[PDB]
Number of protein chains: 2
Amino acid sequence: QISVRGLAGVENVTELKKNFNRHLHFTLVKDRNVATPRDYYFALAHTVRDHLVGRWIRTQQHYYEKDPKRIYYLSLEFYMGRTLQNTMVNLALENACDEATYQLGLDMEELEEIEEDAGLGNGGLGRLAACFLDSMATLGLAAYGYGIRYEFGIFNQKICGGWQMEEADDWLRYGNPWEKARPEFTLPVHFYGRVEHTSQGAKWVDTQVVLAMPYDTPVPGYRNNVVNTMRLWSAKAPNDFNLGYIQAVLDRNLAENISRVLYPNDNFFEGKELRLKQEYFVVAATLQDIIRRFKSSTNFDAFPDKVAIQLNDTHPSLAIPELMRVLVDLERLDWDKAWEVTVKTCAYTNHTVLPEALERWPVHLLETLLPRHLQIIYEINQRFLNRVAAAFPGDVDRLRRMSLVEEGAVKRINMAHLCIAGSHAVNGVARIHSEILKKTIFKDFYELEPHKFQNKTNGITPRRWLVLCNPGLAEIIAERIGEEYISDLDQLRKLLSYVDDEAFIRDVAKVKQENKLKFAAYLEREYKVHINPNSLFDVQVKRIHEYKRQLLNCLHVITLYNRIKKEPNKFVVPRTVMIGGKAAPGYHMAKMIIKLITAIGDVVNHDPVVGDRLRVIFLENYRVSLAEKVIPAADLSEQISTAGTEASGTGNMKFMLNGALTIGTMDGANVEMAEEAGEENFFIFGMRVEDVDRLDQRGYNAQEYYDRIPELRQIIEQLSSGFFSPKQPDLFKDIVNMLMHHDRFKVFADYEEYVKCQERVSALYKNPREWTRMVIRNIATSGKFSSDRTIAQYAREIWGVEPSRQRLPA
Amino acid sequence: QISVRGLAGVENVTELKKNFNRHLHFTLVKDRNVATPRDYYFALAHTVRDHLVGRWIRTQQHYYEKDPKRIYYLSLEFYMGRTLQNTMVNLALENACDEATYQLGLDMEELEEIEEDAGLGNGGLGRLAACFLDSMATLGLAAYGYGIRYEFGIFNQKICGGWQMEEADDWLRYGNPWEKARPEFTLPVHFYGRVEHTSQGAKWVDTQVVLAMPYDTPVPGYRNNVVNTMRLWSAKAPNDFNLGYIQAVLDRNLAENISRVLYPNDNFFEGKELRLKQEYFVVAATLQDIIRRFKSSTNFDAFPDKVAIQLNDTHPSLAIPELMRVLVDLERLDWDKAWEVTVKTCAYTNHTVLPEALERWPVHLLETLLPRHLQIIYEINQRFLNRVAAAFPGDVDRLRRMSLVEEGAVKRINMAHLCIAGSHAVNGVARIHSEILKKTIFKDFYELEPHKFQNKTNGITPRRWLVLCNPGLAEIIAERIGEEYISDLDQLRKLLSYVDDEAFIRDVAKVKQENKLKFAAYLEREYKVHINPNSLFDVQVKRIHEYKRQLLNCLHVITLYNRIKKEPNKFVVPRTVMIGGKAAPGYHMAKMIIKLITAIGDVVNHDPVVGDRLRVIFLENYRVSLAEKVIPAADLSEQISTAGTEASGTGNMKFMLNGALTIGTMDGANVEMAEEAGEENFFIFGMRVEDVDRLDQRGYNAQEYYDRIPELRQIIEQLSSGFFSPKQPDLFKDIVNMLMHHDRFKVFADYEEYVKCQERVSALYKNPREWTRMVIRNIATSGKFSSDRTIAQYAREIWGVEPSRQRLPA
Ligand SMILES: OC[C@H]1O[C@@H](c2nnc(-c3ccccc3)[nH]2)[C@H](O)[C@@H](O)[C@@H]1O
Ligand SMILES: OC[C@H]1O[C@@H](c2nnc(-c3ccccc3)[nH]2)[C@H](O)[C@@H](O)[C@@H]1O
Ligand SMILES: *Cc1c(COP(=O)(O)O)cnc(C)c1O
Ligand SMILES: *Cc1c(COP(=O)(O)O)cnc(C)c1O
């Protein structure tokens with residue numbers, strides 16, 4: 001059908017059809033008369049997977065032969081989503097498979113909808129890791145993603161009576177055709193025990209052993225025949241574990257619980273023992289695998305020339321003391337040499353400045369679980385603080401501020417400080433965030449070692465986030481500038497010369513309109529909900545958090561509602577306001593916010609005076625596969641965190657690539673997006689970081705806004721009085737109390753400007769041609785936000801390797 | 001190479017080779033330069049499995065079309081062993097695969113040794129189920145085996161310092177290529193809850209739900225293209241189970257523990273809740289599947305014409321009240337009609353008369369776990385006892401003896417009584433056992449319903465237990481009488497006309513000698529143990545139990561040792577005495593017996609005066625794959641249980657088929673074996689059942705034997721004094737005390753006759769030609785003990801279906 005989707009040659013189509021029937025028969029053990037759509041999905045998945053394995057084997061053979069520097073990306077989260085369509089896109093097989101399945105009497109889109117998301121992440125950090133893997137393969141890097149194979153990923157969200165309920169995400173129930181178990185490369189990981197000092201160094205003994213079994217998933221580059229590996233570890237008990245007899249076998253679950261479930265917190269630290277075990281488990285198994293591969297080429301001098309380890313936040317920070325442990329205790333390098341190697345190997349990426357998100361582990365935990373690592377951390381701290389004291393003599397407060405050990409009620413280890421000390425590079429994830437790190441929380445470290453600190457602005461992969469989810473848009477773009485932009489996103493600037501082209505203006509707008517129709521039909525089909533497809537689709541999809549300010553959006557929605565009720569017969573630009581995202585199960589305020597959103601919907605959506613001029617929909621179970629549907633359908637992207645809180649954001653970039661305009665604060669990557677497109681082509685409002693700091697110095701008093709803004713006071717009175725909860729008038733008292741007395745994110749302070757800016761949005765939407773022209777200017781300048789750009793910078797500035805766009809042979 | 005192993009045609013060999021390379025590449029994702037022998041094993045297994053699926057699909061299609069009566073064999077145990085060689089044998093692929101692998105540079109035997117046993121059974125009962133499945137497929141019956149897919153089967157036995165240690169049998173670690181998960185046919189099973197009575201009958205409510213997920217394994221018939229199904233259930237938690245959040249996910253293990261581990265008791269009842277859950281789980285999932293299949297053809301009148309359910313002992317006895325539950329509560333049949341259907345559908349097989357093995361469940365357990373089933377059982381009991389009272393008026397003691405409810409300290413349900421009441425046929429497993437049932441423990445039931453009681457003497461499959469494990473013997477036999485005997489074992493009688501044939505005598509003896517050499521080499525290779533291959537191989541392999549009297553064997557071994565030490569320069573027929581088998585982990589006396597065996601070995605094997613005239617070897621980790629090695633190598637089969645205790649035995653039959661002579665008591669199937677071969681061709685000794693009864697009436701006094709038999713007294717003094725445990729002189733005090741004061745199995749009473757009979761064995765072994773002639777007479781009359789004969793009798797006399805030897809089309 002469409003050009004970007006590749007060739008459908010007779011030979012290939014014939015071959016695909018026979019391999020599909022072969023898998024249906026021999027692999028699935030079904031005949032056509034009993035096969036369900038799920039059986040068909042699996043036959044297709046195995047058929048496409050067969051095309052990966054050849055290139056996978058020869059890629060890994062190639063790295064063995066040529067022995068390039070290897071990049072190891074260590075993350076506790078990989079939010080992969082679905083694999084089938086991505087694999088087809090990257091192998092140029094989509095049209096052929098479409099043809100082959102069509103000829104067998106099947107709709108491929110329908111089969112694609114059967115695949116479960118691999119939901120092994122919470123949101124942006126996990127999804128960034130997934131985008132990065134795709135870019136690293138596309139750029140020809142010898143890269144491996146290492147993580148944990150959770151049996152249960154991020155929970156499935158149901159809404160019952162307006163409240164979030166959580167269900168286990170049993171994503172492996174029907175099997176995962178993409179992975180390959182590798183039980184032959186199982187590795188032991190140690191816990192507990194004690195340290196023994198001998199004539200010849202320390203020994204960690206009397207440990208409990210848990211086995212780490214790997215599962216490998218292929219990661220195909222874009223049409224270059226590179227297939228890299230994501231290796232995920234699964235916990236297994238040894239066979240003599242606890243070895244009355246029956247109970248000892250049942251107690252194997254204790255050991256195997258390490259890989260059972262993903263902690264469902266986004267931007268929050270929960271200091272539980274099981275989480276610490278997960279962090280050490282991934283680190284200890286991964287480092288043995290790295291060292292094995294390195295030896296299979298005594299001289300650890302060359303280790304940093306052949307290995308880079310990238311720490312995705314502090315979650316795998318134990319890599320630093322584990323590497324020292326291995327080098328000093330097992331390989332018997334002297335301390336100084338070991339530390340040099342470690343520092344040159346490791347680099348650390350920070351993704352947040354929120355204090356409740358920073359990992360600070362109680363010493364008593366590490367002492368019990370990882371007694372040798374604690375000794376090593378203490379030794380690192382002592383030597384690091386000696387360097388500080390020599391650079392800043394007599395500055396005793398600096399010593400206590402920079403220490404890896406925090407004193408207080410309970411002593412804790414600051415994992416961010418450990419990561420800075422033991423890494424040759426530290427980066428933030430957008431220019432403003434990186435500056436904030438140097439100015440505030442890591443200021444002392446920056447003064448000591450300015451050369452360590454860098455920026456690497458985040459990006460998203462244009463394979464998944466344009467070609468795959470928005471083929472219509474990719475096509476009309478390819479018609480004008482060709483296909484090269486898919487792996488060189490800066491070529492989208494060529495689109496600026498079509499900004500006055502009436503044909504292009506029309507096609508851009510038609511593609512959006514079709515995306516909106518298809519999403520509106522999705523809603524009815526799957527959720528019995530009826531929306532006006534001519535309305536402005538105003539969307540805020542991201543995890544539920546106070547700092548992301550879903551509440552500020554809610555205040556606007558109610559304002560629109562009240563203005564309609566005040567002047568019902570006055571014209572307003574119709575909107576469909578969509579908000580979605582998951583709340584962490586223990587985050588009470590987030591759960592209340594969800595309930596508020598549905599409650600506003602209950603009132604607004606059933607008010608005859610409103611009509612279809614305003615609809616408020618809570619999008620259930622937001623996840624990668626839903627993002628690929630709603631993002632191409634959006635007109636307005638809500639990126640409204642308090643300035644200084646959203647380290648980067650990545651949803652923002654997805655919307656910009658897909659033809660939505662952005663309303664947002666000058667926060668995270670929003671600043672660079674506005675800079676790339678021009679501020680005139682962005683709806684910017686609110687306090688800058690400097691204004692927030694000024695307000696904090698003065699003292700934020702919310703009462704003042706309530707007193708001076710009647711529209712705001714009215715909303716608060718509606719909330720308190722039970723207008724949105726008739727049967728339980730005090731239901732939202734916690735929300736009102738927070739907004740009025742302890743709002744850390746200053747919702748009221750940005751209200752007036754937000755509402756005004758939203759009026760300017762409605763004004764522009766009334767003039768379709770000018771809206772579309774501004775859209776074209778956004779799409780055209782979105783190139784900087786390709787993760788290919790991001791990974792090229794990591795590669796050159798941190799890892800010391802050159803990317804390559806050269807194909808390997810097929 | 002050999003004829004019985006099938007054709008190695010150029011086309012087939014070429015095809016096998018390409019499919020092997022295809023699986024190595026696409027299935028295993030390996031290249032030849034990294035592949036290990038395990039990868040090669042898996043490539044072969046997938047290649048052979050491909051040849052099954054076609055016939056599997058068309059067999060099951062065929063049963064759908066023709067709708068024959070279906071046979072459901074319900075067992076908690078299926079002791080399958082290895083699958084690869086069996087599958088090749090049954091498909092006529094062995095020589096082709098041998099050729100194909102040879103041409104790829106691989107030894108197929110070596111690859112066969114990599115496969116794990118499926119050890120989902122304890123011993124004879126589980127292995128009988130496996131033999132039965134093979135025969136039912138070979139005889140063309142529409143049969144399904146239903147059980148539990150245990151994650152851990154029977155434990156791996158290690159011997160440390162002469163003591164048994166248990167290790168978990170993680171048999172699924174590397175994957176199981178033979179099974180196919182069928183998550184689409186997952187079924188709910190209910191536990192706990194309470195019963196509600198309405199206007200319209202009882203309702204079982206507030207239950208906890210556990211899901212039953214099936215896994216299907218193919219069961220190929222012998223060269224008839226029939227492939228039947230063994231469906232094994234795995235426990236899964238529902239996704240809203242327990243649904244703070246993390247703990248709720250981790251607590252899914254509670255539900256999933258049901259299918260975690262096989263209870264490792266042979267002939268012993270352990271009344272634990274988890275075991276009861278396993279029993280109900282298999283029954284409840286299986287019966288829904290049966291009823292689904294029956295409806296997919298309102299009229300339950302025809303249910304017994306289309307369904308037979310065979311209960312493998314009482315372990316699945318809850319099928320009876322579950323069937324009533326479904327018919328009465330869900331389908332709303334009246335009680336009397338439901339009971340008629342149930343009785344005509346169910347048949348019960350008893351496998352033991354040992355009182356400690358009989359299942360008697362505490363009412364309080366059933367009351368909590370299965371409250372509706374308890375109500376149904378009470379109702380069955382009341383109506384059954386009304387029939388008893390009407391047939392035997394005023395016989396109040398009969399009423400209490402026959403009740404399903406046992407009164408006492410705790411009230412219990414007698415599951416054997418439930419099974420007799422609710423089955424149209426009840427059988428024992430050898431003629432003497434079946435008579436014992438009618439005379440003793442089920443006498444009252446036999447008087448009430450004599451027509452129910454039958455015999456079905458056990459058998460073993462001659463595919464696994466001759467062709468597969470002893471190809472050399474199968475060949476020399478096929479040279480004379482052709483190949484038809486493999487599926488018509490009675491044809492072995494034709495061998496009686498070769499009893500005076502000097503060529504045949506020589507070939508039989510050479511085959512044995514080669515089996516012995518190959519087993520002696522196995523021992524060195526794998527266990528650094530050096531044995532004389534010219535010695536008589538005297539073997540006792542079976543589970544360790546007091547009733548099997550491994551101790552009587554030990555007493556003989558020590559007698560031989562003492563006689564040598566008394567007259568060292570006198571000639572004796574050299575023996576290698578081999579004893580193997582597992583002890584249940586909680587069975588203290590069994591564990592002591594193992595230690596005694598190794599301790600005797602420690603003394604005997606290192607005594608220079610003995611030389612290589614006597615060796616005592618404990619065979620570690622006895623299991624199906626070890627049985628296939630040691631049984632073809634044996635000269636003497638020890639079948640020495642106390643008369644009346646071994647219901648049948650099946651090991652006995654395996655040895656007879658493979659050219660060993662038997663020393664044994666008149667117990668179980670030994671009686672029929674002696675009858676078939678002629679008593680002159682059997683080494684029978686000891687009390688008959690009648691003599692045991694006489695001794696029990698008088699009172700067994702062990703002291704009397706000790707007083708009158710000096711050789712016995714000497715052994716007991718050696719045991720007590722620490723001769724076999726120098727460092728711990730009192731180590732075997734428990735054993736001595738049991739033998740002297742509370743030996744339920746009368747070891748001393750058979751000692752004199754056992755020793756005398758063993759002298760007659762040694763005398764015959766000194767004359768090779770006459771030994772071999774007696775062997776030929778055993779092999780030639782072993783035909784009755786084919787499980788094909790057994791299953792034909794079940795089919796005609798219990799299930800009401802005719803077997804067929806007709807092939808389906810390939
Ligand atoms: O750089 C990728 C994205 O990381 C997110 C993030 N920052 N910290 C976490 C986090 C912290 C603890 C647990 C799980 C996730 N997630 C940030 O909040 C986003 O601004 C950013 O785009
Ligand atoms: O008929 C097959 C074989 O069943 C065995 C047997 N009888 N009861 C059990 C049993 C009882 C409880 C748990 C596990 C197995 N096993 C008998 O002891 C054997 O004589 C018999 O050959
Ligand atoms: C991109 C993405 C996110 C991150 O969105 P932000 O708006 O940057 O928080 C979270 N969840 C999913 C499923 C995504 O695809
Ligand atoms: C046949 C067999 C048994 C049963 O042997 P008996 O001597 O009848 O108890 C037990 N275990 C295994 C592994 C077998 O093959």
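No hydrogens, no waters, no symmetry mates; every other heavy atom, side chains included, goes into these values. We name chains A, B, ... by the order of the sequence lines, and we start the count at 1 in each one.
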Are [X] and [Y] in a cation-pi setup, meaning NZ or CZ lies under 6.0 angstrom from the ring centre and within 45 degrees of the ring axis?
X       : Y       : value
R38(A)  : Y174(A) : yes
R231(B) : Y146(B) : no
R293(B) : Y144(B) : yes

So, [X] and [Y], do they make that salt bridge, N to O below 4.0 Å?
X       : Y       : result
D329(B) : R332(B) : no
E447(B) : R398(B) : yes
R260(B) : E256(B) : no
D301(B) : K337(B) : yes
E797(B) : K456(B) : yes
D134(B) : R464(B) : no

Taking the ring of [Y] and the ring of [X], is the distance between their centroids below 6.0 Å?
X       : Y       : answer
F294(B) : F300(B) : yes
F445(B) : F453(B) : no
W799(B) : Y73(B)  : no

**Prompt:** Who pairs with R127(B) by salt bridge (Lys or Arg N to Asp or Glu O under 4.0 Å), at least two apart in sequence or on another chain?
**Reply:**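 Counting only residues at least two positions away or on another chain, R127(B) forms no salt bridge (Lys or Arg N to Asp or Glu O under 4.0 Å).
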**Item:** Set of residues satisfying salt bridge (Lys or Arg N to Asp or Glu O under 4.0 Å) with respect to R173(A), sequence neighbours excluded
**Value:**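 Applying salt bridge (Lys or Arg N to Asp or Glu O under 4.0 Å) to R173(A) gives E116(A).
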**Request:** Fit a plane to each ring of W204(B) and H190(B), take the angle between them on a 0 to 90° scale, and name the class: parallel (under 30°), tilted (30 to 60°) or perpendicular (over 60°).
**Result:**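 Tilted, since the angle between the ring planes falls between 30° and 60°.
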**Identified salt bridge (charged side-chain N to carboxylate O under 4.0 Å, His left out) counterpart of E449(B) within the set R387(B), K438(B), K443(B)** =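 Exactly one option meets the salt bridge (charged side-chain N to carboxylate O under 4.0 Å, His left out) with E449(B), and it is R387(B).
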**Pair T314(B), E359(B): side-chain N/O donor-acceptor within cut-off below 3.5 Å** =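 Note: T314(B) and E359(B) side chains meet the donor-acceptor criterion.
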**Asked** Any idea which heavy atoms bring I436(B) and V353(B) closest together, and the distance?
**Response**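 Closest heavy-atom pair between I436(B) and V353(B): CG2-CG1, 4.1 Å.
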**Request:** Decide if atom OH of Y192(B) counts as having more than 12 heavy atoms of other residues, nucleotides or ligands within a radius under 6.0 Å.
**Result:**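 It does: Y192(B) OH has more than 12 such atoms within range.
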**Item:** Residues, nucleotides or ligands: over 12 heavy atoms within 6.0 Å of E65(B) CD
**Value:**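 For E65(B), atom CD is crowded (more than 12 foreign heavy atoms under 6.0 Å).
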**Item:** Worked verdict on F132(B) versus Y794(B) for ring-ring contact (aromatic ring centres under 6.0 Å, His included)
**Value:** CA-CA 10 Å; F132(B) 279 7; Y794(B) 276 90; 5.6 Å; yes
**Prompt:** Could you give the distance from OH (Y79(B)) to CD (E77(B)), rounded to the nearest 0.5 Å?
**Reply:**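 Reported to 0.5 Å precision, the distance equals 10.0 Å.
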**Request:** Given ring-ring contact (aromatic ring centres under 6.0 Å, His included), test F384(B) with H417(B) step by step and report yes or no.
**Result:** CA-CA 10 Å; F384(B) 180 69; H417(B) 292 183; 8.4 Å; no
